[PDB]
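1. Opening piece of a complex, kept in its complex position:
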Amino acid sequence: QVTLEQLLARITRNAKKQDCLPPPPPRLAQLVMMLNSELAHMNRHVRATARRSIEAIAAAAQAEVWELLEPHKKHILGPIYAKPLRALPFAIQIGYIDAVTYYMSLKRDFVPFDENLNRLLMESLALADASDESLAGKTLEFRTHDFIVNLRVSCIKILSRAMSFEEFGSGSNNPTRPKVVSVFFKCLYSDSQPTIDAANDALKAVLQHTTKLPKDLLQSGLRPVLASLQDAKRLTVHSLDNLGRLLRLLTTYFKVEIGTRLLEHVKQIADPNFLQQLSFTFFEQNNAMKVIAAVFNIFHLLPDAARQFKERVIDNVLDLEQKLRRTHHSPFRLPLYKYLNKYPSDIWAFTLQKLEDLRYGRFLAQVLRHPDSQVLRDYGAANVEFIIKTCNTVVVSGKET
């Protein structure tokens, strides 16, 4: 790749738009045709190198990529439309999808919305809507799983790119866009990180662009996550992760009392004998502790209305630590710090309101010594004067504490 970069830089020293296009001979016409040919290869590195070389050639010649690629678009497009996409192996499907996605991003009108493109998009949607067992069967083999994940990611990306085109789904009025959003939501709850990231990005982009959401579609999207949060015994980490992702996505949609329900679940799980037995060992890998930590993690994502549970959560954490006999360290410390760092004024005021008690100043001092607690340190630096004033009031009050 380095040698290819050097050669391309050297040969294009004095390029001009006339030499990079066919006659109305040109030096770089054959080179550009050859490079454009390899944009649908089954090897991702080949595609990356081809597109990088094309962009480098275009920049030096002072032109636009679509101008260079307009004459040769057929050579790449024709083969893709000639076969049903549901029969080819995984690698060929992925290459074709990626090539079409890149081609329809140079400019809005580069790829017309003819019958073939619509058929390809429906095929991609159907592929993304399938199941691991259906797609040749998931034998747990590593390579098949990787192929399936990559294919799903490519389908999601092409659908997201098609969403930006107002034409897609508008001229139909049939449930295409609703189905696309439903598939996005279904993919956002998968067990694979790459597809989860792709789905999250596509969904956030769609939500920002649309600016509004039908009530029924969002009700359907939000029903599955709230379905599993009606039983403490059935609470699992994955459901809490999905809820956190949704909260990060739809900021001003959810409501209060979910935190109270989660705290009730926590109290249910934290059996006294269970904790007494969990002590005397390394419980950081126990499932129940992981569930409790996951529950704690959500509080720092809720809207401002969650500010009223600070005392409750602090009391719960301190009592749990007392039960387990831990100090300076526990699985619940990190999310608690993350949450408490969002309300520096409130936490400062609450802590200074109970300066007499020794159990809270110690906790605040422990919190402030963490590397990631910077906003609290800034607020403390700002209000050192008030802190000293209140402490002077306490000392001059004339007590034994």
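-> Here it is on my side, so go on. Numbers count the residues shown, from 1 in each chain, chains lettered A, B, ... in the order given.
2. number of nearby residues for residue A:283?
-> 17 (other C-beta atoms under 10 Å). C-beta: built from backbone N, CA, C; applies to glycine.
3. Also residue A:281?
-> With other C-beta under 10 Å as criterion, residue A:281 counts 9.
4. Now do stretch A:180-192: everything it contacts.
-> With contacts defined as C-beta atoms under 8 Å, 6 or more residues apart in numbering, stretch A:180-192 is touched by A:125, A:128-129, A:149, A:152, A:156, A:159-160, A:163, A:169, A:195-196, A:198-200, A:202-203, A:206, A:217, A:220-221, A:224-225, A:238, A:242, A:245.
5. got it, and stretch A:168-175?
-> A:113, A:121, A:162, A:176-177, A:180.
6. Straight-line length of that stretch, end to end?
-> 12 Å (C-alpha to C-alpha, to the nearest Å).
7. can you pull the buried residues of it?
-> A:168-169 (16 or more other C-beta atoms under 10 Å).
8. Likewise for stretch A:284-293?
-> For stretch A:284-293, the neighbour count (16+ other C-beta under 10 Å) marks A:289-293 as buried.
9. contacting residues around it?
-> A:235-237, A:240, A:266, A:269-270, A:274, A:278, A:283, A:320, A:331-332, A:334-335.
10. Next, give me the two most distant ones among these.
-> Using C-beta to C-beta, the two most remote members of these are A:274 and A:334, lying 22.3 Å apart.
11. coming back round to it: how about the buried residues of stretch A:284-293 in JSON lines, adding distance to residue A:94 and secondary structure?
-> As requested, the buried residues of stretch A:284-293 are exported to JSON lines (distance: C-beta to C-beta, whole Å; DSSP: H, G, I helix; E, B strand; the rest coil):
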{"residue": "A:289", "distance to residue A:94": "40", "secondary structure": "helix"}
{"residue": "A:290", "distance to residue A:94": "35", "secondary structure": "helix"}
{"residue": "A:291", "distance to residue A:94": "37", "secondary structure": "helix"}
{"residue": "A:292", "distance to residue A:94": "41", "secondary structure": "helix"}
{"residue": "A:293", "distance to residue A:94": "37", "secondary structure": "helix"}
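12. one more, chain B:
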Amino acid sequence: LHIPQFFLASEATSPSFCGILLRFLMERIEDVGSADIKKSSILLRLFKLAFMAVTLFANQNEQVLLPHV
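-> Chain B now in position relative to the chains above:
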């Protein structure tokens, strides 16, 4: 290095310390191929100690090593 080895060989403290050591080493795993003999040799020796400790107490340490395998 004789301190971790002594801790792991002992029956009483082997499980918890093995778990802590594995949880710590799985973050630096990326430094095992750093091409600096001094840095990589220590990591390799620590991994060897952890696996030997797993071997010694089969029925107690297997559950600790199961997640990272």
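13. again for the neighbour count of residue A:283, chain B present now?
-> As a burial measure, residue A:283 scores 18 neighbours (other C-beta atoms under 10 Å in any protein chain shown).
14. Please name the nearest non-neighbouring residue to residue A:348.
-> Counting by C-beta to C-beta, 6 or more residues apart in numbering or on different chains, residue A:348 lies nearest to residue A:379, which is 5.8 Å off, once chain neighbours are set aside.
15. got the contact list for that neighbour?
-> Residues near residue A:379 by C-beta atoms under 8 Å, 6 or more residues apart in numbering or on different chains: A:344-345, A:348.
16. Next to chain A, which bits of chain B? Give me the list.
-> B:15-16, B:19-20, B:23, B:64, B:67 (C-beta under 8 Å from any C-beta of the partner chain).
17. Go through those and give me the one with the most neighbours.
-> Counting by other C-beta under 10 Å, top hit in those: residue B:64 with 24 neighbours.
18. Contacts only, for the closest residue to that one other than its chain neighbours.
-> In this structure, residue B:64 finds its nearest non-sequential neighbour in residue B:19, 4.6 Å apart by C-beta to C-beta, 6+ apart. Contacts for residue B:19 (C-beta under 8 Å, 6+ apart) come out as A:282, A:284-285, B:64.
19. Mark which of the residues you listed are part of helices, please.
-> The members of the contacts of residue B:19 that map onto helices under DSSP state H are residue B:64.
20. any chance of the contacts of residue B:19 in a markdown table, plus distance to residue A:312?
-> Converted to a markdown table, these look like this (distance: C-beta to C-beta, whole Å):
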| residue | distance to residue A:312 |
| --- | --- |
| A:282 | 28 |
| A:284 | 24 |
| A:285 | 27 |
| B:64 | 35 |
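21. so which two of the contacts of residue B:19 are the farthest from each other?
-> Farthest pair in those, by C-beta to C-beta: A:284 and B:64, 11.0 Å.
22. now the helices for the stretch 1-150 of chain A?
-> A:2-11, A:29-37, A:44-61, A:65-69, A:73-81, A:90-103, A:115-128, A:142-163 (DSSP state H, counting those that start in this stretch).
23. any chance of the ones you listed in TSV, plus mean neighbour count and distance to residue A:369?
-> Shown next, in TSV, are these (neighbours: other C-beta atoms under 10 Å in any protein chain shown; distance: least, C-beta to C-beta, whole Å):
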stretch	mean neighbour count	distance to residue A:369
helix A:2-11	11	47
helix A:29-37	17	57
helix A:44-61	17	46
helix A:65-69	19	53
helix A:73-81	15	59
helix A:90-103	20	49
helix A:115-128	17	48
helix A:142-163	19	41
